[PDB]
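Read through the structure below, which is laid out as structure tokens, and then see the notes.
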Amino acid sequence: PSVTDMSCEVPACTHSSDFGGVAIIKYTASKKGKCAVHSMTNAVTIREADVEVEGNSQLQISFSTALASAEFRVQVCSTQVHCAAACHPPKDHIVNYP
Amino acid sequence: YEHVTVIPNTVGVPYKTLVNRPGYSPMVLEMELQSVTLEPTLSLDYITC
Amino acid sequence: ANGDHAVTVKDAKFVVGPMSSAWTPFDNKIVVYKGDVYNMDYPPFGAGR
Amino acid sequence: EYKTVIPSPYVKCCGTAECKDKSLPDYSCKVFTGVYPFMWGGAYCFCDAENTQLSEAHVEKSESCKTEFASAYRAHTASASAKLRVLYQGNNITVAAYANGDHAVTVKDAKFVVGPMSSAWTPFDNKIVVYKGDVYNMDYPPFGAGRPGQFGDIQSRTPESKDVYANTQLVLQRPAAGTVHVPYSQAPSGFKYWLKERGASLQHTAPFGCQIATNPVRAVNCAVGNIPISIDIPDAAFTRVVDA
Amino acid sequence: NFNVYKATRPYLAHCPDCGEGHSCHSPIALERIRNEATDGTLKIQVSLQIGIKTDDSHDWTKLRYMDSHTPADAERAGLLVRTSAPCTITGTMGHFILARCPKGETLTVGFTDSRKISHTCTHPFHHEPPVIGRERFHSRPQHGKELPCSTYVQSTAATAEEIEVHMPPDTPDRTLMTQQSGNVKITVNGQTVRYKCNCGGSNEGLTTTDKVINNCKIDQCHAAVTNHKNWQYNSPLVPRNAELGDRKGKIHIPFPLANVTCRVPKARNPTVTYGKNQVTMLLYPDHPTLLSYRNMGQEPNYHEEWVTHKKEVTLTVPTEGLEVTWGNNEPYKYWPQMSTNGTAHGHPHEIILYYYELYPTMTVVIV
Amino acid sequence: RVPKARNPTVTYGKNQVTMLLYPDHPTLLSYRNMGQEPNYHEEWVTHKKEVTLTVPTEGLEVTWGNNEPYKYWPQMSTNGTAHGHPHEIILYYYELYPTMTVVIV
Ligand SMILES: *[C@@H]1O[C@H](CO)[C@@H](O)[C@H](O)[C@H]1NC(C)=O
Ligand SMILES: *[C@@H]1O[C@H](CO)[C@@H](O)[C@H](O)[C@H]1NC(C)=O
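Residue numbers (the UniProt record's numbering), protein chains in the order written: chain A, 1103 to 1200; chain B, 810 to 858; chain C, 957 to 1005; chain D, 859 to 1102; chain E, 330 to 696; chain F, 592 to 696.
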């Protein structure tokens, strides 16, 4: 199912090793369907590789990065959505997992 | 399609590649290494006890 | 991971390698005890200090 | 070499029956409809237009794989050895050393040590295929990506390795009118072609006149380079000029 | 001591070529041919059994063959196999024949049954033996070198070889349904016959004795035999038990193969003269035989050639020797001596001609 | 059966790590980097000692006793730096990329 009415948003992001960013996408798919999502640039990365969508709704994803002002083109069912975030540094100095 | 890609040798992290096949919906896929092993040459010289 | 092992799972084919760096953490002369290994220089056969 | 197991063809009488698929080495199946049988008393069945026929076949290793096979090997540079005769005080002492500079042999207070070979040339490459009396500097197909009708027709790691990958295009054809047989298409192999055109044996094509010998593989008399050889010896075998 | 074929039957098979132009359903039709023995011995899977009578004795001079749905017996003396020359019977066991045989586009097997009627079956089979060593021949020599190869052996208790044996489904023989003013007379001859009819009454079902089912045609009915006692191996030519795949059964398939040496012939030694950095070889044949040569520089510069007649070849030799192999004999080594001279120290100069031994036509640039 | 070791207490500083460690029996300690060089180092220890370690830009491994290796990793540290009417930027460019990207300044 192709999708229309895309508009993204960032509630609160912190560039770190964890699930440090959250994003929210408004969308309107044509029908029920499983479909993929891909980070176009390399800085942002999406954990959840693909999801089911139904139609006019909004969807929450989790992402990692390194940059504060994350400018973001993202391909979903191929449609380019643009977004921008002003992230924050984390509080812990040293974590163990890479 | 056949698709070639290259990934870093970081064990235990998901890398994402995207199959952008035209005429088809794209397919993202994840690779994660569990182990990479190197077995060198088994050339014995002698023993010691 | 050397570019000569095609393997398939549910008619999906994979070919991996060869490695972009053929460096090893080994030298050529190795002593091996039942739990451990060491890079060193043993004297050859017949020249024992 | 391989064997094509073809079971007896399923004759589905007066209706249809399809095959339940399985992951055999090159499992292949097809049900032909509208077919007709024949036997002693005419057709084997009673219905005519509703006779269908299921056909299934596959390929396994042979009994000849138990003893006769070609082997694809990977190889690289060598740890050479040498046999060295010495006339010493009119006595023929013969030593055997390892021609890499890391073996000394002692005989009659004599400390022989050969050196590393001044070159490192071999007549071999990486991919080497052997059969039982000769070797070849040939590039076999990669394992699992075996091409049909050549080396790569069937593949397995060991003769004990029960898994066998194959690629031979065994696709069944429509059987004839009445003739109960199973027409399968042709399946050219590696032994059907390769043992007629082995050509350049490395025994016969070795540069610098080296010879080969199998079990284990060994190249002898590779006349290039030069051997450093050192000897330690005490003063007992010498004698002073006051005796000379 | 190998009495294991008691649940077997030597069935009859649709042979596509019995000679005489067109096909038959011959009792003796072959199915599976093996030629992987590098000497060229043939392992043949036939639709008969030999050396075993109806009571499954070890009488190794007879044979079983089914005919008219009855296993009858005959004698192995009439057995013939043929590619182009009258072949020899070597290995004799059940569904398997071993024979050593000459060239041929085709192959056929045939013999006479116990009613003095001889039958055969023919399959085209591109049987040309592979060459062994480096030579060919009319026949085996009584002398020669010993080269490794592989042959069949003569064992009957060969383990780890298997085929599956099970009950054959039916036997449609339409020589039974006769019309008695339009009737059907199923004549069972002491069997169990399935019938399939497009009429009233006993259209389908089973009987045990000769019955009369009236006012219907022969092709309107169908009378097949249902044997339920003896089994056959899974032939790919027979119809299957038409409910599922393999029904249970097992027998082994002996006469296995093993490594061996074999007598490869020698080679008649050629004659040879010498010349200025070159050699003339008059070489005799015995059969079409190859020879090869190389030299020992940086490159090997290989040549392989076949020869068939009295052939003379001149070969130039560089300063690193020459190697020429011919036949199964040892490869002949050669090394270029100073040729004869160019010249000695004459009272003129008359010198540079022996300078045409060491480096001819190069290093005269220094002159 | 060999003994294991007691897990030591540990805290972090900006791009470094302080590990306070408690033996009872004489016990080894070792550590290394995972870069191109190991920069391998080791000490025996017998008493309740603290140690300081410098985690590199790529990652550190420490091993105490017979335990499974405590692996450690550089996270970009903290916030004393933001976006305002002054810069508040260079501590960002002290946290990421020290000793260079100040060269472009
Ligand atoms: C030593 O062996 C050579 C052959 O390798 C032989 O010609 C020579 O006579 C022998 N000398 C003695 C003293 O045995
Ligand atoms: C037969 O001999 C060859 C070498 O001569 C060996 O490679 C092979 O494994 C042997 N096979 C058996 C069954 O002994």
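Even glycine gets a Cβ: it sits at the ideal position worked out from N, Cα and C.
Every unbroken stretch of the beta strand (DSSP E) spanning 3 or more residues and falling wholly within the stretch 1136-1187 of chain A is given here in chain order: 1152-1155, 1158-1166, 1171-1178.
Under the 8 Å Cβ criterion, the stretch 1162-1175 of chain A counts as touching the stretch 1116-1129 of chain A, having at least three qualifying pairs. Taken in chain order, the unbroken stretches of beta strand (DSSP E) that lie wholly in the stretch 384-455 of chain E and span 3 residues or more are 391-395, 400-404, 409-411, 417-422, 425-429, 433-441. Using a Cβ distance threshold of 8 Å, F/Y631 and F/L651 do not count as a contacting pair. Contact note: B/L842 does not reach chain A at a C-beta cutoff of 7 Å; the least C-beta distance is about 12 Å. DSSP, read as helix, strand or coil, puts D/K924 in helix. Proximity of the beta carbon of E/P477 to ligand 2 is indicated: a heavy atom of the ligand is located closer than 7 Å. Nearest to E/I492 by C-alpha distance, out of E/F425, E/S443, E/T536, E/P568, is E/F425. For B/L847, the chain C residues whose Cβ falls inside 7 Å of its Cβ are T980, in order along the chain.
At a cut-off of 8 Å, the C-beta of D/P1000 has a neighbouring C-beta in chain C.
According to the DSSP assignment, E/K525 belongs to the beta strand (DSSP E) that extends over 522-525. If you check the CB distance, F/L620 and F/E634 come in under 8 Å.
Going by beta carbons, E/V593 and E/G462 fall inside the 8 Å limit. Under the three-state reduction of DSSP output, D/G1048 falls in the coil class, being neither helix nor strand. Annotation note: the stretch 612-654 of chain E contains no uninterrupted alpha helix (DSSP H) run of length 4 or greater. For F/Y684, the enclosing alpha helix (DSSP H) stretches over residues 683-686. Residue burial is scored here from C-beta neighbours: D/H1062 has at least 16 other C-beta atoms within 10 angstroms and is therefore classed as buried. Contact between D/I1089 and D/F970 holds, since their C-beta atoms are separated by about 6 Å, short of 8 Å.
Between D/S937 and D/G1083, the beta carbon gap of about 15 Å keeps them out of contact (Cβ cut-off 8 Å).
Of all residues in the stretch 356-374 of chain E, only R361, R363, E365, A366, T367 come within less than 9 Å of chain D when Cβ atoms are compared, listed by chain position. Taking a Cβ-Cβ threshold of 8 Å, the residues of chain C close to B/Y855 are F1001, in chain order. The beta carbons of A/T1116 and A/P1192 sit about 5 Å from each other, so the pair counts as a contact at 8 Å. Look at D/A940: its beta carbon is at least 7 Å from all of the heavy atoms in ligand 2. Around the beta carbon of D/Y902, 16 or more other beta carbons lie within 10 angstroms, which makes this residue buried. Residue-level contact check: C/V963 touches chain D, since one or more beta carbons of chain D fall below 8 Å from its beta carbon. Contact between E/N563 and E/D548 does not hold, since their C-beta atoms are separated by about 31 Å, which reaches or exceeds 8 Å. The C-beta distance from D/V1038 to D/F896 rounds to 6 Å, short enough to fall under 8 Å. Look at the stretch 519-552 of chain E: the residues with a C-beta under 7 Å from a C-beta of chain D are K525, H551. With its beta carbon less than 8 Å from one in chain E, D/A1081 belongs to the interface.
Taking all protein chains in view, the Cβ of E/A552 is crowded by 16 or more other Cβ atoms within 10 Å, so the residue is classified as buried. Taking E/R393 as reference, the option from E/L505, E/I357, E/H343 with the minimal CA-CA separation is E/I357. Chain B places a beta carbon closer than 8 Å to that of A/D1152, counting this residue as a contact. Looking from the CA of E/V567, the closest CA among D/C905, D/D884, D/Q911, D/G1007 belongs to D/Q911. Inclusion of E/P565 and D/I864 in the CB contact set at 8 Å is warranted, their separation being smaller than that value.
Judged by DSSP in its simplified three-state form, E/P477 adopts strand. By the criterion of a C-beta distance shorter than 8 Å, E/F331 is surrounded in its chain by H387, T485, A486, once the five residues flanking it on both sides are discounted.
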